[PDB]
Amino acid sequence: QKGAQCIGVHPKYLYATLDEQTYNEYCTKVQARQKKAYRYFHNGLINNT
Amino acid sequence: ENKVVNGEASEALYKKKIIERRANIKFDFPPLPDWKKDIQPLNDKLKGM
Amino acid sequence: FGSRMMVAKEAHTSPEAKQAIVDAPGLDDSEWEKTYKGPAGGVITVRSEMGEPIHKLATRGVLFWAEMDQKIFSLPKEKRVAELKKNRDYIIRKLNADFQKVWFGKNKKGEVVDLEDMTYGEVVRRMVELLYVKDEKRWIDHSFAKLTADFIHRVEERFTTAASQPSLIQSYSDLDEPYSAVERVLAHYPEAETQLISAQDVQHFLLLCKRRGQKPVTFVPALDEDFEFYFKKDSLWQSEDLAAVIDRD
Amino acid sequence: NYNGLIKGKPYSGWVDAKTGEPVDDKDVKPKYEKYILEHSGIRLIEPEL
Amino acid sequence: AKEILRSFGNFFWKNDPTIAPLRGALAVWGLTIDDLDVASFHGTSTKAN
């Protein structure tokens, strides 16, 4: 008799709570991190690690 | 006839090279919404809330 | 007579290299052995690619070569890669400042990076930059045009998605204006400007670079087991073709 | 992936996991998609698993 | 400043008998029950469920 429920909302609604500068700084970080991630991912994949 | 007169070797110039589609995996983090088109119309109501 | 003839008018030694020979004081009969211990009379002995002693002018590059012979190439092969990694920043700085073979890895900002930290567009541009004499409008060697072409095709493969598409590069002499052709092709695959090279392509690129018959590359691509090959191989022609040397130094 | 000598020749790229013959991306889907579809998803119980 | 944001921004409807939690949660973002577009169902292919 365990009912469970959850509600998700689109990320734009969170970004709409920041100022433009804070948003753009976050953009910067996620972009830099993305490059690093893509790189690491290939390396681990090719080497089964 | 066009083969014979030119001889065989020439034909490499017209038997065109074609690109094999090597794969392209990407760590596609979610696309950052445009500040102006997406964020700003919601920002006036949601900023600081 | 051999060494005395390098300053002859009809010898293909570059004018600046001839000047450097004239600027070298030389040594007397009782002093030539000093070259084995360090620079003497403007000359120093180093270990060639064949393992034998070789007298060279004590240029900044040859002094760095002597340093590498003492610090890296004296070590057993299994320890070389670890010591190279430990001295990476020092070695790259010296390659770029003092040696005829510069470090390959360089991003759009001009920062020193590893090959895997480079985008496809950066790789292609850096190839043209180091393999083509811009002022003389020539490739250093014909095989370098071919090498640049082969890697360009790899870009086509990595970024084309429509099936059965013809290569833009149906022929190789196309790259005899390499700066315009490269821009014209990077303009078609704009993602090459942003995506980093995937490491299989890195390895592939290295295999292309180590292909036979083709001239060895004019730069150091990686600090790995083949560093002695990248460093020492085919290292004398640069004294005759100074236009092909970075900064004509 | 493989990266080194095959049959004394250098090769780097994909190879078949059993034979070690080189394989191109374009050929993966035609060569194996049928097996992938037969051995993934909802299917008859495979006792080896 | 944070307790004010928690009181009015995030949790204003918690412990209120005149706001339904699903409503309140959407209202944080300026959304209403009309803005719930998708529902992923437990969907067990059983007749009763």
# chains A, B, ... in the order shown; residues from 1 in each chain; ligands from 1
$ interface_residues --of "chain C" --to "chain A" --cutoff "12 Å" --atoms "only C-alpha atoms" --output "PDB file with N, CA, C and O atoms, in the first residue's frame"
ATOM      1  N   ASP C 114      48.322  19.994 -24.138  1.00  0.00           N
ATOM      2  CA  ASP C 114      48.541  18.658 -24.667  1.00  0.00           C
ATOM      3  C   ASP C 114      47.711  18.457 -25.925  1.00  0.00           C
ATOM      4  O   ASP C 114      46.717  19.145 -26.152  1.00  0.00           O
ATOM      5  N   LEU C 115      48.119  17.496 -26.751  1.00  0.00           N
ATOM      6  CA  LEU C 115      47.410  17.300 -28.007  1.00  0.00           C
ATOM      7  C   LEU C 115      45.935  16.983 -27.765  1.00  0.00           C
ATOM      8  O   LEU C 115      45.064  17.482 -28.484  1.00  0.00           O
ATOM      9  N   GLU C 116      45.627  16.209 -26.719  1.00  0.00           N
ATOM     10  CA  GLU C 116      44.230  15.902 -26.419  1.00  0.00           C
ATOM     11  C   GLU C 116      43.445  17.119 -25.927  1.00  0.00           C
ATOM     12  O   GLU C 116      42.211  17.083 -25.930  1.00  0.00           O
ATOM     13  N   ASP C 117      44.115  18.196 -25.528  1.00  0.00           N
ATOM     14  CA  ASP C 117      43.430  19.434 -25.178  1.00  0.00           C
ATOM     15  C   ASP C 117      43.216  20.348 -26.384  1.00  0.00           C
ATOM     16  O   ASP C 117      42.745  21.475 -26.213  1.00  0.00           O
ATOM     17  N   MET C 118      43.539  19.898 -27.594  1.00  0.00           N
ATOM     18  CA  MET C 118      43.376  20.710 -28.797  1.00  0.00           C
ATOM     19  C   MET C 118      42.095  20.346 -29.542  1.00  0.00           C
ATOM     20  O   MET C 118      41.699  19.176 -29.576  1.00  0.00           O
ATOM     21  N   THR C 119      41.452  21.350 -30.144  1.00  0.00           N
ATOM     22  CA  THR C 119      40.340  21.107 -31.058  1.00  0.00           C
ATOM     23  C   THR C 119      40.869  20.675 -32.422  1.00  0.00           C
ATOM     24  O   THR C 119      42.027  20.920 -32.768  1.00  0.00           O
ATOM     25  N   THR C 194      35.364  23.539 -32.019  1.00  0.00           N
ATOM     26  CA  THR C 194      34.907  23.516 -30.640  1.00  0.00           C
ATOM     27  C   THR C 194      35.200  22.179 -29.979  1.00  0.00           C
ATOM     28  O   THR C 194      35.670  22.133 -28.840  1.00  0.00           O
ATOM     29  N   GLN C 195      34.949  21.083 -30.685  1.00  0.00           N
ATOM     30  CA  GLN C 195      35.167  19.770 -30.097  1.00  0.00           C
ATOM     31  C   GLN C 195      36.662  19.457 -30.014  1.00  0.00           C
ATOM     32  O   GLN C 195      37.415  19.708 -30.958  1.00  0.00           O
ATOM     33  N   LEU C 196      37.090  18.924 -28.870  1.00  0.00           N
ATOM     34  CA  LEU C 196      38.462  18.458 -28.707  1.00  0.00           C
ATOM     35  C   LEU C 196      38.694  17.175 -29.499  1.00  0.00           C
ATOM     36  O   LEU C 196      37.766  16.415 -29.774  1.00  0.00           O
ATOM     37  N   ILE C 197      39.948  16.923 -29.862  1.00  0.00           N
ATOM     38  CA  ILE C 197      40.240  15.714 -30.622  1.00  0.00           C
ATOM     39  C   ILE C 197      40.041  14.490 -29.731  1.00  0.00           C
ATOM     40  O   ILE C 197      40.578  14.413 -28.621  1.00  0.00           O
ATOM     41  N   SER C 198      39.244  13.531 -30.204  1.00  0.00           N
ATOM     42  CA  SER C 198      39.050  12.289 -29.462  1.00  0.00           C
ATOM     43  C   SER C 198      40.284  11.392 -29.584  1.00  0.00           C
ATOM     44  O   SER C 198      40.950  11.345 -30.624  1.00  0.00           O
ATOM     45  N   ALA C 199      40.607  10.689 -28.499  1.00  0.00           N
ATOM     46  CA  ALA C 199      41.965  10.166 -28.349  1.00  0.00           C
ATOM     47  C   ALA C 199      42.305   9.068 -29.349  1.00  0.00           C
ATOM     48  O   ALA C 199      43.486   8.860 -29.649  1.00  0.00           O
ATOM     49  N   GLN C 200      41.308   8.366 -29.877  1.00  0.00           N
ATOM     50  CA  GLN C 200      41.589   7.477 -30.992  1.00  0.00           C
ATOM     51  C   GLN C 200      42.132   8.265 -32.169  1.00  0.00           C
ATOM     52  O   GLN C 200      43.087   7.839 -32.819  1.00  0.00           O
ATOM     53  N   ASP C 201      41.537   9.422 -32.453  1.00  0.00           N
ATOM     54  CA  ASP C 201      42.071  10.291 -33.490  1.00  0.00           C
ATOM     55  C   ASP C 201      43.463  10.777 -33.126  1.00  0.00           C
ATOM     56  O   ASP C 201      44.308  10.949 -34.004  1.00  0.00           O
ATOM     57  N   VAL C 202      43.723  11.001 -31.838  1.00  0.00           N
ATOM     58  CA  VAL C 202      45.083  11.365 -31.437  1.00  0.00           C
ATOM     59  C   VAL C 202      46.058  10.260 -31.815  1.00  0.00           C
ATOM     60  O   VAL C 202      47.085  10.500 -32.461  1.00  0.00           O
ATOM     61  N   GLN C 203      45.743   9.034 -31.413  1.00  0.00           N
ATOM     62  CA  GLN C 203      46.609   7.905 -31.719  1.00  0.00           C
ATOM     63  C   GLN C 203      46.772   7.755 -33.218  1.00  0.00           C
ATOM     64  O   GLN C 203      47.883   7.555 -33.725  1.00  0.00           O
TER      65      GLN C 203
END
$ residues_around --residues "residue 41 of chain C" --least-positions-apart "2" --cutoff "12 Å" --atoms "only C-alpha atoms" --output "PyMOL selection string"
chain C and resi 21-29+31-36+38-39+43-45+55-59
$ closest_atom_pairs --of "chain D" --to "chain B" --cutoff "9 Å" --atoms "only C-alpha atoms" --output "JSON lines"
{"residue": "D:24", "atom": "CA", "partner": "B:22", "partner_atom": "CA", "distance": 7.7}
{"residue": "D:25", "atom": "CA", "partner": "B:22", "partner_atom": "CA", "distance": 5.7}
{"residue": "D:26", "atom": "CA", "partner": "B:21", "partner_atom": "CA", "distance": 6.4}
$ write_last_selection --atoms "N, CA, C and O atoms" --output "PDB file, in the first residue's frame"
ATOM      1  N   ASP D  24      35.305  -0.544 -39.330  1.00  0.00           N
ATOM      2  CA  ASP D  24      34.878   0.849 -39.355  1.00  0.00           C
ATOM      3  C   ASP D  24      33.515   1.035 -38.709  1.00  0.00           C
ATOM      4  O   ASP D  24      32.633   0.179 -38.806  1.00  0.00           O
ATOM      5  N   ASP D  25      33.348   2.202 -38.085  1.00  0.00           N
ATOM      6  CA  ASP D  25      32.079   2.613 -37.497  1.00  0.00           C
ATOM      7  C   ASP D  25      30.893   2.267 -38.384  1.00  0.00           C
ATOM      8  O   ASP D  25      29.964   1.572 -37.959  1.00  0.00           O
ATOM      9  N   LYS D  26      30.928   2.729 -39.635  1.00  0.00           N
ATOM     10  CA  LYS D  26      29.804   2.566 -40.551  1.00  0.00           C
ATOM     11  C   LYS D  26      29.321   1.124 -40.636  1.00  0.00           C
ATOM     12  O   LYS D  26      28.154   0.884 -40.963  1.00  0.00           O
TER      13      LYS D  26
END
$ closest_residue --among "C:93, C:128, C:216, C:230" --to "residue 181 of chain C" --atoms "only C-alpha atoms"
C:128
$ residues_around --residues "residue 39 of chain B" --least-positions-apart "5" --cutoff "8 Å" --atoms "only C-alpha atoms" --output "PyMOL selection string"
(chain A and resi 12-13+15-16) or (chain B and resi 33-34)
$ interface_residues --of "chain B" --to "chain C" --cutoff "10 Å" --atoms "only C-alpha atoms" --output "list in words"
residues 12, 13, 14, 15, 16, 17, 18, 19, 20, 21, 22, 23, 24, 25 and 26 of chain B
$ write_last_selection --atoms "N, CA, C and O atoms" --output "PDB file, in the first residue's frame"
ATOM      1  N   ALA B  12      40.763   7.609 -62.062  1.00  0.00           N
ATOM      2  CA  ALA B  12      40.830   7.920 -60.640  1.00  0.00           C
ATOM      3  C   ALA B  12      40.414   9.357 -60.349  1.00  0.00           C
ATOM      4  O   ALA B  12      39.960   9.665 -59.241  1.00  0.00           O
ATOM      5  N   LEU B  13      40.556  10.242 -61.333  1.00  0.00           N
ATOM      6  CA  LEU B  13      40.212  11.652 -61.204  1.00  0.00           C
ATOM      7  C   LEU B  13      38.706  11.911 -61.222  1.00  0.00           C
ATOM      8  O   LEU B  13      38.283  13.020 -60.879  1.00  0.00           O
ATOM      9  N   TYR B  14      37.891  10.926 -61.611  1.00  0.00           N
ATOM     10  CA  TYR B  14      36.444  11.079 -61.717  1.00  0.00           C
ATOM     11  C   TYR B  14      35.683  10.097 -60.843  1.00  0.00           C
ATOM     12  O   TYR B  14      34.516  10.351 -60.522  1.00  0.00           O
ATOM     13  N   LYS B  15      36.320   8.999 -60.440  1.00  0.00           N
ATOM     14  CA  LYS B  15      35.746   8.053 -59.488  1.00  0.00           C
ATOM     15  C   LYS B  15      35.811   8.622 -58.072  1.00  0.00           C
ATOM     16  O   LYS B  15      36.653   8.214 -57.265  1.00  0.00           O
ATOM     17  N   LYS B  16      34.903   9.552 -57.762  1.00  0.00           N
ATOM     18  CA  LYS B  16      35.088  10.475 -56.646  1.00  0.00           C
ATOM     19  C   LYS B  16      35.119   9.795 -55.282  1.00  0.00           C
ATOM     20  O   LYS B  16      34.313   8.915 -54.971  1.00  0.00           O
ATOM     21  N   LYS B  17      36.058  10.265 -54.471  1.00  0.00           N
ATOM     22  CA  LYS B  17      36.232   9.883 -53.078  1.00  0.00           C
ATOM     23  C   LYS B  17      35.049  10.338 -52.226  1.00  0.00           C
ATOM     24  O   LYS B  17      34.601  11.481 -52.333  1.00  0.00           O
ATOM     25  N   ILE B  18      34.561   9.452 -51.357  1.00  0.00           N
ATOM     26  CA  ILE B  18      33.390   9.720 -50.526  1.00  0.00           C
ATOM     27  C   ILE B  18      33.747   9.520 -49.058  1.00  0.00           C
ATOM     28  O   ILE B  18      34.560   8.654 -48.715  1.00  0.00           O
ATOM     29  N   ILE B  19      33.146  10.344 -48.201  1.00  0.00           N
ATOM     30  CA  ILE B  19      33.460  10.412 -46.776  1.00  0.00           C
ATOM     31  C   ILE B  19      32.699   9.327 -46.018  1.00  0.00           C
ATOM     32  O   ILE B  19      31.465   9.294 -46.041  1.00  0.00           O
ATOM     33  N   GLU B  20      33.428   8.467 -45.306  1.00  0.00           N
ATOM     34  CA  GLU B  20      32.803   7.561 -44.348  1.00  0.00           C
ATOM     35  C   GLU B  20      32.433   8.315 -43.080  1.00  0.00           C
ATOM     36  O   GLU B  20      33.212   9.119 -42.567  1.00  0.00           O
ATOM     37  N   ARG B  21      31.243   8.048 -42.563  1.00  0.00           N
ATOM     38  CA  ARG B  21      30.729   8.815 -41.434  1.00  0.00           C
ATOM     39  C   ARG B  21      31.236   8.155 -40.162  1.00  0.00           C
ATOM     40  O   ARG B  21      30.655   7.193 -39.663  1.00  0.00           O
ATOM     41  N   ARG B  22      32.351   8.658 -39.643  1.00  0.00           N
ATOM     42  CA  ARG B  22      32.800   8.212 -38.334  1.00  0.00           C
ATOM     43  C   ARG B  22      31.924   8.838 -37.252  1.00  0.00           C
ATOM     44  O   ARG B  22      31.410   9.947 -37.411  1.00  0.00           O
ATOM     45  N   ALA B  23      31.722   8.092 -36.170  1.00  0.00           N
ATOM     46  CA  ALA B  23      30.740   8.439 -35.153  1.00  0.00           C
ATOM     47  C   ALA B  23      31.139   9.703 -34.397  1.00  0.00           C
ATOM     48  O   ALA B  23      32.292  10.136 -34.423  1.00  0.00           O
ATOM     49  N   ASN B  24      30.151  10.320 -33.732  1.00  0.00           N
ATOM     50  CA  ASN B  24      30.466  11.495 -32.928  1.00  0.00           C
ATOM     51  C   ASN B  24      29.614  11.489 -31.649  1.00  0.00           C
ATOM     52  O   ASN B  24      28.576  12.145 -31.546  1.00  0.00           O
ATOM     53  N   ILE B  25      30.107  10.776 -30.633  1.00  0.00           N
ATOM     54  CA  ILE B  25      29.522  10.833 -29.297  1.00  0.00           C
ATOM     55  C   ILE B  25      29.923  12.145 -28.635  1.00  0.00           C
ATOM     56  O   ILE B  25      31.041  12.637 -28.824  1.00  0.00           O
ATOM     57  N   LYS B  26      29.002  12.728 -27.865  1.00  0.00           N
ATOM     58  CA  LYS B  26      29.200  14.017 -27.214  1.00  0.00           C
ATOM     59  C   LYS B  26      28.580  13.990 -25.827  1.00  0.00           C
ATOM     60  O   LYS B  26      27.502  13.424 -25.640  1.00  0.00           O
TER      61      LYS B  26
END
$ decode --residues "chain D" --atoms "C-alpha atoms" --output "PDB file, in the first residue's frame"
ATOM      1  CA  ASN D   1      39.542  -0.279 -29.580  1.00  0.00           C
ATOM      2  CA  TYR D   2      43.030  -1.349 -30.434  1.00  0.00           C
ATOM      3  CA  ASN D   3      46.165   0.803 -30.593  1.00  0.00           C
ATOM      4  CA  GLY D   4      49.529  -0.744 -31.617  1.00  0.00           C
ATOM      5  CA  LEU D   5      50.656  -3.411 -34.103  1.00  0.00           C
ATOM      6  CA  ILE D   6      48.277  -5.819 -35.852  1.00  0.00           C
ATOM      7  CA  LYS D   7      50.028  -8.497 -37.952  1.00  0.00           C
ATOM      8  CA  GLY D   8      53.178  -6.369 -37.647  1.00  0.00           C
ATOM      9  CA  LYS D   9      51.495  -3.302 -39.179  1.00  0.00           C
ATOM     10  CA  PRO D  10      50.584  -0.370 -36.925  1.00  0.00           C
ATOM     11  CA  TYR D  11      46.868   0.186 -36.458  1.00  0.00           C
ATOM     12  CA  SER D  12      44.755   2.273 -34.131  1.00  0.00           C
ATOM     13  CA  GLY D  13      40.965   2.165 -34.084  1.00  0.00           C
ATOM     14  CA  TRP D  14      38.151  -0.323 -33.720  1.00  0.00           C
ATOM     15  CA  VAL D  15      38.626  -4.058 -34.156  1.00  0.00           C
ATOM     16  CA  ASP D  16      36.378  -7.069 -33.823  1.00  0.00           C
ATOM     17  CA  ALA D  17      36.537  -8.295 -30.231  1.00  0.00           C
ATOM     18  CA  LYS D  18      37.142 -11.936 -31.272  1.00  0.00           C
ATOM     19  CA  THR D  19      39.346 -11.820 -34.370  1.00  0.00           C
ATOM     20  CA  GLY D  20      41.047  -8.459 -33.957  1.00  0.00           C
ATOM     21  CA  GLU D  21      40.353  -7.498 -37.562  1.00  0.00           C
ATOM     22  CA  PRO D  22      39.894  -3.734 -38.063  1.00  0.00           C
ATOM     23  CA  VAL D  23      36.304  -2.482 -38.232  1.00  0.00           C
ATOM     24  CA  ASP D  24      34.878   0.849 -39.355  1.00  0.00           C
ATOM     25  CA  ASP D  25      32.079   2.613 -37.497  1.00  0.00           C
ATOM     26  CA  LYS D  26      29.804   2.566 -40.551  1.00  0.00           C
ATOM     27  CA  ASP D  27      29.859  -1.235 -40.513  1.00  0.00           C
ATOM     28  CA  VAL D  28      28.994  -1.726 -36.842  1.00  0.00           C
ATOM     29  CA  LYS D  29      25.240  -1.135 -37.224  1.00  0.00           C
ATOM     30  CA  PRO D  30      24.811  -3.416 -40.314  1.00  0.00           C
ATOM     31  CA  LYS D  31      27.088  -6.099 -38.903  1.00  0.00           C
ATOM     32  CA  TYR D  32      25.722  -6.383 -35.370  1.00  0.00           C
ATOM     33  CA  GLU D  33      22.413  -4.503 -34.849  1.00  0.00           C
ATOM     34  CA  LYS D  34      20.478  -7.718 -35.499  1.00  0.00           C
ATOM     35  CA  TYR D  35      22.371  -9.532 -32.728  1.00  0.00           C
ATOM     36  CA  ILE D  36      22.004  -6.517 -30.421  1.00  0.00           C
ATOM     37  CA  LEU D  37      18.222  -6.478 -30.932  1.00  0.00           C
ATOM     38  CA  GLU D  38      17.975 -10.256 -30.444  1.00  0.00           C
ATOM     39  CA  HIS D  39      19.994 -10.117 -27.189  1.00  0.00           C
ATOM     40  CA  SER D  40      18.677  -6.930 -25.496  1.00  0.00           C
ATOM     41  CA  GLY D  41      15.308  -5.736 -24.122  1.00  0.00           C
ATOM     42  CA  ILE D  42      12.331  -7.995 -23.325  1.00  0.00           C
ATOM     43  CA  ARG D  43      13.100 -11.494 -24.649  1.00  0.00           C
ATOM     44  CA  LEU D  44      13.077 -15.213 -23.817  1.00  0.00           C
ATOM     45  CA  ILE D  45      15.065 -16.054 -20.677  1.00  0.00           C
ATOM     46  CA  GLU D  46      18.712 -16.802 -21.504  1.00  0.00           C
ATOM     47  CA  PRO D  47      19.808 -19.357 -18.836  1.00  0.00           C
ATOM     48  CA  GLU D  48      23.476 -18.332 -19.055  1.00  0.00           C
ATOM     49  CA  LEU D  49      22.602 -14.922 -17.572  1.00  0.00           C
TER      50      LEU D  49
END
